[PDB]
Each structure stands twice: as C-alpha cells, then as structure tokens.
Amino acid sequence: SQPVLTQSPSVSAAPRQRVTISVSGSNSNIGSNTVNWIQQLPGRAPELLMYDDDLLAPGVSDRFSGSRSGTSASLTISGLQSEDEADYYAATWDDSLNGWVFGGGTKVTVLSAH
C-alpha cells in the first residue's frame, strides 16, 4: 500500500553543496493541485517547510526553494548545512481519490569529516 507520489532517492551530500529532490505524480494530483513540502528533523515531528509550490513557511531558511510544473515538482536546498539533515516529504491533493496523497520521503544526509 505504497505512497502515491514518486520522490527521488535518499542522498548524501557535503556541507555548502546544493541538492535537488524531485517528485512525480499524475494529472489527478500534482497536475492540477499545489505541492507542500514537509521536513522531519531527526528525533522530531514532521513540520511544514514549503507550501503552495514555492512559498516558505514561517521561520524556514531562504536556502530552500520549490517549483512545480506539469505533473512534477522539486525542492532545492542551497548551501547545505548539517541542520538540514532530515526526511523530506511531498504532499498534494488527489481529485480522483478525494484525499491528500504523499511521496515516500527522501532522506538528505549531510557529510561530516568525523
């Protein structure tokens, strides 16, 4: 009974680098409905990060940006910081199911030299 939206896989990346997370859906969801991005920090509850495709929730760093076109969307993290290490989830409405649908989550791991 898997998540309906398809996100790109979990990724590791170095501090200060950029990462792009992709999600695809279909006409019934992302095709005609805006996307929210949810961030779940380690040991914390999920929180809203971006909403209505490209808007920053209160308190969210301007290093995040979002986009949507056709049946896909993306979240871009610029100047990656260790505090960005988290699970990221796409969410949207689906008119054929008459309910909210979600991606499976993308973990962003931030590299450390130890």
# chains A, B, ... in the order shown; residues from 1 in each chain; ligands from 1
>>> residues_around(residues="range 3-7 of chain A", least_positions_apart="6", cutoff="10 Å", atoms="only C-alpha atoms", output="JSON, numbers by chain")
{"A": [21, 22, 23, 24, 25, 26, 29, 30, 72, 73, 74, 88, 89, 90, 91, 92, 94, 100, 101, 102, 103, 104, 105, 106]}
>>> write_last_selection(atoms="N, CA, C and O atoms", output="mmCIF file, in the first residue's frame")
data_model
loop_
_atom_site.group_PDB
_atom_site.id
_atom_site.type_symbol
_atom_site.label_atom_id
_atom_site.label_comp_id
_atom_site.auth_asym_id
_atom_site.auth_seq_id
_atom_site.Cartn_x
_atom_site.Cartn_y
_atom_site.Cartn_z
ATOM 1 N N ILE A 21 15.698 17.636 -4.944
ATOM 2 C CA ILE A 21 14.809 16.490 -4.740
ATOM 3 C C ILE A 21 13.633 16.625 -5.685
ATOM 4 O O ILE A 21 12.976 17.680 -5.725
ATOM 5 N N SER A 22 13.373 15.558 -6.439
ATOM 6 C CA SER A 22 12.313 15.549 -7.448
ATOM 7 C C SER A 22 11.114 14.755 -6.926
ATOM 8 O O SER A 22 11.289 13.806 -6.143
ATOM 9 N N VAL A 23 9.902 15.108 -7.350
ATOM 10 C CA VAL A 23 8.755 14.231 -7.104
ATOM 11 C C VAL A 23 7.899 14.230 -8.366
ATOM 12 O O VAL A 23 7.739 15.292 -8.998
ATOM 13 N N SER A 24 7.403 13.056 -8.769
ATOM 14 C CA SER A 24 6.435 12.999 -9.875
ATOM 15 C C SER A 24 5.103 12.425 -9.390
ATOM 16 O O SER A 24 5.056 11.616 -8.454
ATOM 17 N N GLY A 25 4.027 12.832 -10.057
ATOM 18 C CA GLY A 25 2.695 12.356 -9.744
ATOM 19 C C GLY A 25 1.932 12.175 -11.042
ATOM 20 O O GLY A 25 2.467 11.648 -12.033
ATOM 21 N N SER A 26 0.676 12.604 -11.055
ATOM 22 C CA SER A 26 -0.140 12.396 -12.251
ATOM 23 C C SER A 26 -1.110 13.572 -12.405
ATOM 24 O O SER A 26 -1.127 14.459 -11.565
ATOM 25 N N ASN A 29 -3.355 14.637 -9.363
ATOM 26 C CA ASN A 29 -2.752 15.209 -8.160
ATOM 27 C C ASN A 29 -1.873 16.412 -8.515
ATOM 28 O O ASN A 29 -2.400 17.499 -8.706
ATOM 29 N N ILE A 30 -0.562 16.222 -8.670
ATOM 30 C CA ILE A 30 0.355 17.341 -8.941
ATOM 31 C C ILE A 30 -0.046 18.118 -10.217
ATOM 32 O O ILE A 30 0.142 19.346 -10.276
ATOM 33 N N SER A 72 5.051 17.175 -12.167
ATOM 34 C CA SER A 72 6.155 17.022 -11.214
ATOM 35 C C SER A 72 6.504 18.304 -10.427
ATOM 36 O O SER A 72 6.058 19.419 -10.756
ATOM 37 N N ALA A 73 7.291 18.140 -9.376
ATOM 38 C CA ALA A 73 7.680 19.270 -8.543
ATOM 39 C C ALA A 73 9.079 19.014 -8.012
ATOM 40 O O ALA A 73 9.584 17.884 -8.100
ATOM 41 N N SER A 74 9.718 20.044 -7.461
ATOM 42 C CA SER A 74 11.020 19.833 -6.871
ATOM 43 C C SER A 74 11.265 20.767 -5.691
ATOM 44 O O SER A 74 10.662 21.847 -5.612
ATOM 45 N N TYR A 88 12.499 14.413 3.947
ATOM 46 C CA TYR A 88 11.660 15.389 3.216
ATOM 47 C C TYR A 88 10.542 14.660 2.484
ATOM 48 O O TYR A 88 10.791 13.650 1.821
ATOM 49 N N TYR A 89 9.325 15.185 2.600
ATOM 50 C CA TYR A 89 8.121 14.556 2.010
ATOM 51 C C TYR A 89 7.341 15.577 1.196
ATOM 52 O O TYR A 89 7.072 16.693 1.694
ATOM 53 N N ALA A 90 6.948 15.172 -0.017
ATOM 54 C CA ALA A 90 5.979 15.907 -0.828
ATOM 55 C C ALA A 90 4.540 15.491 -0.459
ATOM 56 O O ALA A 90 4.315 14.324 -0.085
ATOM 57 N N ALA A 91 3.589 16.438 -0.566
ATOM 58 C CA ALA A 91 2.182 16.180 -0.258
ATOM 59 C C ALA A 91 1.326 16.992 -1.202
ATOM 60 O O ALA A 91 1.659 18.154 -1.515
ATOM 61 N N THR A 92 0.231 16.412 -1.665
ATOM 62 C CA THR A 92 -0.710 17.176 -2.517
ATOM 63 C C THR A 92 -2.102 16.526 -2.409
ATOM 64 O O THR A 92 -2.253 15.440 -1.836
ATOM 65 N N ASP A 94 -5.366 14.752 -4.221
ATOM 66 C CA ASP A 94 -5.699 13.976 -5.422
ATOM 67 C C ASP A 94 -7.216 13.973 -5.644
ATOM 68 O O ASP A 94 -7.972 13.505 -4.809
ATOM 69 N N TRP A 100 -5.755 13.657 0.434
ATOM 70 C CA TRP A 100 -4.346 14.036 0.332
ATOM 71 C C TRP A 100 -3.498 12.799 0.055
ATOM 72 O O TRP A 100 -3.781 11.704 0.563
ATOM 73 N N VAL A 101 -2.506 12.965 -0.817
ATOM 74 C CA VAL A 101 -1.568 11.895 -1.110
ATOM 75 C C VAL A 101 -0.144 12.417 -0.861
ATOM 76 O O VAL A 101 0.063 13.630 -0.734
ATOM 77 N N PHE A 102 0.820 11.495 -0.808
ATOM 78 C CA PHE A 102 2.178 11.779 -0.322
ATOM 79 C C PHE A 102 3.233 10.994 -1.113
ATOM 80 O O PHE A 102 2.948 9.924 -1.689
ATOM 81 N N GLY A 103 4.470 11.493 -1.081
ATOM 82 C CA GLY A 103 5.605 10.722 -1.551
ATOM 83 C C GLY A 103 6.118 9.854 -0.420
ATOM 84 O O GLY A 103 5.649 9.961 0.742
ATOM 85 N N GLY A 104 7.106 9.015 -0.744
ATOM 86 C CA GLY A 104 7.653 8.050 0.215
ATOM 87 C C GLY A 104 8.738 8.611 1.129
ATOM 88 O O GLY A 104 9.200 7.914 2.032
ATOM 89 N N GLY A 105 9.142 9.866 0.907
ATOM 90 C CA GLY A 105 10.187 10.515 1.718
ATOM 91 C C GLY A 105 11.595 10.359 1.128
ATOM 92 O O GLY A 105 11.928 9.317 0.583
ATOM 93 N N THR A 106 12.405 11.417 1.236
ATOM 94 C CA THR A 106 13.780 11.419 0.766
ATOM 95 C C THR A 106 14.639 11.836 1.967
ATOM 96 O O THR A 106 14.439 12.936 2.531
#
>>> select_by_dssp(residues="chain A", states="strand (DSSP E or B)", output="ChimeraX atom specification")
/A:6-7,11-13,19-24,36-40,47-51,55-56,64-69,72-77,86-94,99-102,106-110
>>> closest_residue(among="A:97, A:114, A:82, A:70", to="residue 41 in chain A", atoms="only C-alpha atoms")
A:82
>>> residues_around(residues="residue 75 in chain A", least_positions_apart="2", cutoff="7 Å", atoms="only C-alpha atoms", output="count of residues only")
8
>>> closest_residue(among="A:31, A:81, A:55, A:69", to="residue 16 in chain A", atoms="only C-alpha atoms")
A:81
>>> atom_distance(atom1="CA of residue 46 in chain A", atom2="CA of residue 78 in chain A")
20.8 Å
>>> closest_residue(among="A:44, A:68, A:63, A:107", to="residue 32 in chain A", atoms="only C-alpha atoms")
A:68
